[PDB]
Each structure stands twice: as C-alpha cells, then as structure tokens.
Amino acid sequence: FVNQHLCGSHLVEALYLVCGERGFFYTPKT
Amino acid sequence: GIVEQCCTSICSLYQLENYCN
Amino acid sequence: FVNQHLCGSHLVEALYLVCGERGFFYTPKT
Amino acid sequence: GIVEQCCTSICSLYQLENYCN
Amino acid sequence: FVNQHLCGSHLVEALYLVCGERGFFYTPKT
Amino acid sequence: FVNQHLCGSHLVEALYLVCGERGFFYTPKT
Amino acid sequence: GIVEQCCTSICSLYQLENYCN
Amino acid sequence: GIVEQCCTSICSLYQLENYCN
Amino acid sequence: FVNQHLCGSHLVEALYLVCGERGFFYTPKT
Amino acid sequence: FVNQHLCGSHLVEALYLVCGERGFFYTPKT
Amino acid sequence: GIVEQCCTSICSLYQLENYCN
Amino acid sequence: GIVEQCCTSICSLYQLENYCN
C-alpha cells in the first residue's frame, strides 16, 4: 500500500479501517 | 506515539496496525 | 447535547470529537 | 457495548466520554 | 469534554454531532 | 451533477461542499 | 424536508443549494 | 464567528452548541 | 455554487459527491 | 487487516487510504 | 463490482488495492 | 492536475466534474 500523513480525525478513520473489529486505541499523549 | 509516527511523520497501514487491540 | 445514532466510522468520529487530546479506545463486540 | 449501542439504539456524548483515555 | 481546532468540514461535522435534531447554522462570514 | 442519497452527517458534508463560504443551515424535521 | 428527502429518497445538489445562506 | 471561535481559535463542544438552532 | 480548497480525503469526498454513479478517477500524480 | 463493510463515501475514503499517492478509480455499477 | 461488493457484502483492503492507479 | 486545480489552488464543483468518468 502507501505511507501518507494521517492526522486528527483522518488518523482515527484510518485506525478504524485498519483495525475494525479488533478495536484500537488512539492515544495522542502517547 | 501514533501522532508522531503517522501525522507528524508518515506511516503505512501496516504501522497503523500497531495501534489495534 | 443530543443523543446520537452512530454506526461504523461515525462512532469513531464522535469519539474523536468527544475525547480530543485524551484520545479514546474503540472496542467493538467480537 | 457502546459501539453496538450507538448503532442499534442511540447513545449520548456523555456515554461516549466514558471511552476517552 | 475537550477543546480542539475544528475547521471546515470537521467543524460542520462537530456541529452536526452537537446539535443533531435541533439543527444548526454554519455561517463562516459570521 | 448526480442525484444524491445522503443520510446523517453525509448530508452536512454535502451542504458544506455545496455552500462553501456562504455556509448553510441544517434543519431536520422534529 | 431536505434532510429527510435526501436520506429517504434522493436529492440534487441544486436542491441542497437552497440551504446555503 | 464560529470559524474564529472554533477553527482559528479553539472551542469546546459546549461552545459549538452556540450554533445550534 | 462555490470554489474552496479541497484536499486529500476531502477532495475525493467531493469527487464522490459530484460524480457519484458516473465514477471518477483520483490521480494526484496527474 | 480486517475485512471491510463500506458503503457510499466510506468506500472512497477507504480507497483513498489504501492507494495514497497512487490514487484510484471509483467505478460503481450503472 | 467492488463498490457493490464492499457495501452488500464485505471486501478486503487487498481487493481495494486493485483499484489503485 | 486535480490536486493543483482543487487543493493547491481552488476549484468549483463544476471543475471537479472534470474528473468524473
């Protein structure tokens, strides 16, 4: 596939896409 | 973290899987 | 605020907005 | 859970807030 | 909750989230 | 342009695109 | 209204345009 | 207005409710 | 309608809106 | 990766993420 | 096609990838 | 191309139709 900048809501959209049913954590403080 | 890896820098979908549960 | 009907990626968007810099965990069933 | 509840029924932002870190 | 920058389509998404059935106006000229 | 089938937040996105800097009002029933 | 029409049926961008300010 | 309050500056969800009908 | 900056996923959202059933190509390399 | 259930604009978002700078073609039936 | 398949059934990112240029 | 026309510069919905199939 590719590497892009994924930021903010676009990042969590991507996480959703990628992880789906597995679920994911979005933890910007790290 | 993810913001640095994927927003500030650039990441693949594969890397994004790092943050799956 | 109003109650929400949120499916798929719309839930993740909503979590994003609600949680901001705190981030969040997305944990669907199964 | 919240993912299913928001989609099959309704949910509030306040309920969503429980899922913040 | 939090305060973030909400711009463009993300702002009107947030308005939609927040206002829902009430409806909202998006009036960038002010 | 093509006709649209737009529910929920997708309607607001479409309004956003269509109206641009003019902005818009989102007024659902009830 | 337009919100319901676009979702239950279809609507055009031209109809949407009526909702600009 | 909203763009200044929420995009240029920073606003809460509560402030965004200012623009509800 | 209007002219705005439409970038990234927002651009392909707009293409989707505008083109719909016709389909579209998104070809950023040009 | 997980399998996807993607309708409407969500398909285009997914294509966007998957294809990145390569871009993509969106070609629905009929 | 892929547009219909992803929506009526499911599809994978790998299948989606075939639609990149 | 489209990115130049619509992101870097500014484009109308009409121009975006240039990229329809």
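Per-chain residue numbering starts at 1, and chain names A, B, C, D, E, F, G, H, I, J, K and L are given in the order in which the chains are listed.
Note that a residue touches a chain if its C-beta (ideal position, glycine included) is under 8 Å from a C-beta of that chain, and two chains touch if they have at least 3 such contacts.
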*Work out which of F-G, G-I or F-L repeats the contact pattern of J-K, with more than half of the residue-numbered contact pairs in common.*
F-G
*Check J-K against F-L and say which one is joined by more contacting C-beta pairs.*
J-K
*Using mean CA coordinates as chain centres, what's the chain G-chain H distance in Å?*
25
_Between chain G and chain C, distance of the C-alpha-averaged centres to the nearest whole Å_ = 27
*Centre-of-Cα separation between chain E and chain D, whole angstrom*: 20
*Which positions in chain E touch two or more other chains at once?*
1-4, 6, 8-9, 13-15, 17-29
_I need the residues of chain G touching at least two other chains; which ones are they?_
13, 17, 21
*Quick one: in the complex, what on chain D touches chain E?*
13, 17
_For a test of understanding, state which residues of chain F touch chain I in their complex under the given definition._
1-4, 13-14, 17-22
*Partner chain G, residues of chain F touching it in the complex*: 1, 3-8, 11, 14-15, 18-20, 22-29
*Name, in rising order, each residue of chain G that touches chain F in their complex.*
1-4, 6-7, 9-14, 16-17, 19-21
*Can you list the chain F residues touching chain E in their complex?*
8-9, 12-13, 15-17, 19, 21-28, 30
